[PDB]
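To keep things clear, I will list the structure first and then write my remarks on it.
Heavy atoms only: backbone and side chains are in, while hydrogens, waters and symmetry mates are out. Every chain is numbered from 1 and lettered A, B, ... according to where its sequence line falls, protein lines coming before strand lines. Counting starts at 1 for both ligands and their atoms, in listed order.
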Protein chains: 2
Amino acid sequence: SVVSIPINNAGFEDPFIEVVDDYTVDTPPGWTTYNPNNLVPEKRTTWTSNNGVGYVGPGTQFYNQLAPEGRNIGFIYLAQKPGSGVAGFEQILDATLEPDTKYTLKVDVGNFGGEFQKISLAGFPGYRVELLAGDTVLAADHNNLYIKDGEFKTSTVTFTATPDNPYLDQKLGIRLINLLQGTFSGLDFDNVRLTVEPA
Amino acid sequence: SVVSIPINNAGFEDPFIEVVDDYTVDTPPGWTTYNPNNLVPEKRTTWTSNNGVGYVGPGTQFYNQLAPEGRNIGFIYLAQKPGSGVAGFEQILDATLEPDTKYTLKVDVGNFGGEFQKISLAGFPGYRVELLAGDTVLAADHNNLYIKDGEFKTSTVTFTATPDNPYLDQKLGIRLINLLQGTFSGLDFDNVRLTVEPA
Ligand SMILES: [Ca+2]
Ligand SMILES: [Ca+2]
Ligand SMILES: [Ca+2]
Ligand SMILES: [Ca+2]
């Protein structure tokens, strides 16, 4: 009844990262950078706005648990002040929107804690998880879960497409967004899952 | 433990409407028209984009139930084609955002069915329910519930404010939004409730 829709690098496991608490600052393979407000530069370093992948394993200062799936998470850090806009990850899938089908999108959202180069990582920017067809946000969880520093929680987004939906046959998409509505203005995501079932 | 925050005309019961399936086309008392894309004109008639209040009682063609609360619902109709933007209701409250507090916003969302002047009311535009502080959308339910023609479902939006939240002491607000992502491009709301409890 319930079928999984394939997602590339759905757990941010590519690339492999060896050293505890290490990270990349380039867009994770299989994803693109969602950048509607031009907050993230094309060339990134540690302290520019950025996104990438990070290893969360034993030894980590960031959570009271390990990565929800595998070794790694995906993260977005925004250096601009709260209110400046949003940015995140986007992936357009090969699957298309089909009628009489209920879609369930799940992703784990992480509010890491700790301290980085004497800067407190306490606080959280807020998140939004979106399911798309074409350019249209069909359904989204805008920041409904309370996630304390050092923990992950699972966001669930659902959508049912009827035969009259204007966006049938358009490509499905997923966005994972840093809302930049608080500091420390970084957050993590892991274990993106998309399933389908009859409406 | 759980305290209710007062909302004006929270069930759209003002004005009273006598005749089955009758409606107004002016902004409900206590609310304003949320109009970020200028879709709703200042002066409305039956077939312009509009909003107002409507009686849902025995005799109605619109639902297989009566109004969720009282006699009336509040509605938003958008005549522009899907994708043209959004509009709805907004109300700014006297309550302000307070730390260590969990807010729960509930509203019933209705997908009316039937036929109006030979135009089918089947289909739905999509909804978004927002909790605000100041100008900031703290949390929102963007269209997560599947609501068939002729029924209502309750949307629940939650948000927990921490002592570090940038928007503490700003006025709370509520938006009820027609997403204009399908036709027939009208929808109803009723029974707005906002409660608070310790985080
Ligand atoms: Ca992973
Ligand atoms: Ca944090
Ligand atoms: Ca009512
Ligand atoms: Ca309808």
For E13(B) and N9(B) the tightest heavy-atom approach is N-OD1, 3.1 Å

#### Entry: Side-chain donor/acceptor of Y103(A) to backbone N/O of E98(A), under 3.5 Å
yes

Among the N/O/S atoms of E13(A), the Ca ion (ligand 1) lies closest to OE2

Among the N/O/S atoms of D190(A), the Ca ion (ligand 1) lies closest to OD1

Looking only at heavy atoms, the pair that brings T156(A) and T104(A) closest together is CG2-CG2, 3.9 Å

May I have the list of side-chain donor-acceptor pairs in residues 127-136 of chain B shorter than 3.5 Å, sequence neighbours left out?
from    : atom 1 : to      : atom 2 : distance (Å)
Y127(B) : OH     : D141(B) : OD1    : 3.3
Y127(B) : OH     : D141(B) : OD2    : 2.7
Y127(B) : OH     : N144(B) : N      : 3.3
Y127(B) : OH     : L145(B) : N      : 3.0
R128(B) : NE     : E130(B) : OE2    : 2.8
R128(B) : NH1    : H142(B) : ND1    : 3.0
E130(B) : OE1    : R175(B) : NH1    : 2.9

At a cut-off of 3.0 Å, protein N/O/S around the Ca ion (ligand 2) gives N111(A) OD1, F112(A) O, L121(A) O, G123(A) O, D149(A) OD1

For the Ca ion (ligand 3), angle spanned by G11(B) O and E69(B) O (nearest 10°) is 160°

With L138(A) as partner, the option from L97(A), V157(A), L105(A) fulfilling side chain to side chain contact (heavy atoms under 4.5 Å, CB included) is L97(A)

How about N178(A) and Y77(A): do any of their side-chain heavy atoms sit closer than 4.5 Å? no

*Whether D108(A) side chain and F152(A) backbone form a donor-acceptor pair below 3.5 Å*: no

_Set out, in order, the CA-CA distance, both residues' side-chain angles and the distance that settles side chain to side chain donor-acceptor pair (under 3.5 Å) for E90(A) and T33(A), then state yes or no._
CA-CA 6 Å; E90(A) 177 182 280; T33(A) 293; over 6 Å; no

| request: Taking both backbone and side-chain atoms into account, decide whether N72(A) has an N/O/S atom under 3.0 Å from the Ca ion (ligand 1). | output: yes

